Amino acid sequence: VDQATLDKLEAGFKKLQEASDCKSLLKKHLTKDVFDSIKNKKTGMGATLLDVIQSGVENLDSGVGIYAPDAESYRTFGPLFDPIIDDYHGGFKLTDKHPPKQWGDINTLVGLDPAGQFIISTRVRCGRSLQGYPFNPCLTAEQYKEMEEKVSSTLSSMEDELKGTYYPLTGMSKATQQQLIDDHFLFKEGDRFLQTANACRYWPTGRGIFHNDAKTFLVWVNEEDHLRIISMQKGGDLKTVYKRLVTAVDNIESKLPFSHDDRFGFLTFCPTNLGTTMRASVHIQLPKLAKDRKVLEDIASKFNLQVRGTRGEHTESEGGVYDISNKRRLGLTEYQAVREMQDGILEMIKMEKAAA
């Protein structure tokens, strides 16, 4: 680690201390001891502590504030990652290891809202990293192009329900891009948390989206993770949505090598996405319970759920529509993660019906 970087870290640490109302896990867990213990360390790819905490230093409204530039970072900077990961995922000890992949019995999942008055749409995503490629901040432009080639070529072999077409962001019309984002299908462009993590270099080179014609099965290429594999549709038929995701991921896994860690399960760029990498969500209206989004969030938290705005994290609810999902992804199985959403949403709906 050089001097210019040390200077910036000391100043960043200072900034976090002075931000009396900053509530990120970065601020909470980057103690002086922790800070001093790892600030002079560097990975084989040259990732430093600055590359890890910079997004959280610059964006004090971060909930977490850190990312892993490469896989090594998770251990090189363990003293910071470890407490943050344990905290976010609701208990995960130094000696704990994420369980083996287990989709569980899909037939035990139910329709989340049969009368159709609360839930708008249901979505399940996972993320994967390609073996042999580091995370965004360590990628070159050429690697983005190489990965895009590997993934798009693989997805051309999908068949039946999953058969579809790859659409590069490069050459994509502004109108087509904006509509896909508005309809909740395509990742947004220009995220300040990702940008400051240097996760968006060379944009839009290598970025794009694959989907079947119905857009119930989608794969994001080279956004936050190398792949995000998504199943979604209108309504509350979680069983179908989840079954389609399982089929797609099992099939893609036989073709592409993805990075998996004995302790952290599937590796991802953000520590919140480790393990199952799974975020199962609904877009839902709960007018009585949502009469104050902070009350809504307090209720959700007891069910281990997270509340986001309509256009994703770091956005507001529009027209009473909230994104509610399992928060935890690591230290529980895929089945357990999706069941936390199912169970929590079914009960929150019951509470809404009962509320005055």
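Residue numbers run from 1 along the displayed sequence. Whichever C-alpha set is largest while still superposing within 1.5 Å between the two forms counts as the rigid core.
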By Cα RMS to this form in 4 other deposited structures of this protein after fitting the core, the stretch ranking higher of 40 to 48 and 286 to 294 is 286 to 294
Read off the CA B-factors in the entry, average them over 266 to 274 and over 142 to 150, and name the higher stretch.
-> 142 to 150
Higher of the two mean Cα B-factors (210 to 218, 275 to 283; per PDB record) comes from 210 to 218
Scanning 174, 128, 123, 89 for peak Cα temperature factor in the entry gives 174
The residue of 62, 40, 304, 315 with the maximal C-alpha B-factor according to the PDB record is 40
What third of the chain, by the recorded C-alpha B-factor, contains residue 183?
-> middle
Just say lowest, middle or highest third for the CA B-factor of residue 96 relative to the other modelled residues in its chain.
-> highest
Relative C-alpha B-factor of residue 310, binned into the chain's lowest, middle or highest third = lowest
Among modelled residues of the same chain, the CA temperature factor third for residue 292 | highest
Chain thirds by Cα B factor, record data; residue 33 belongs to the highest
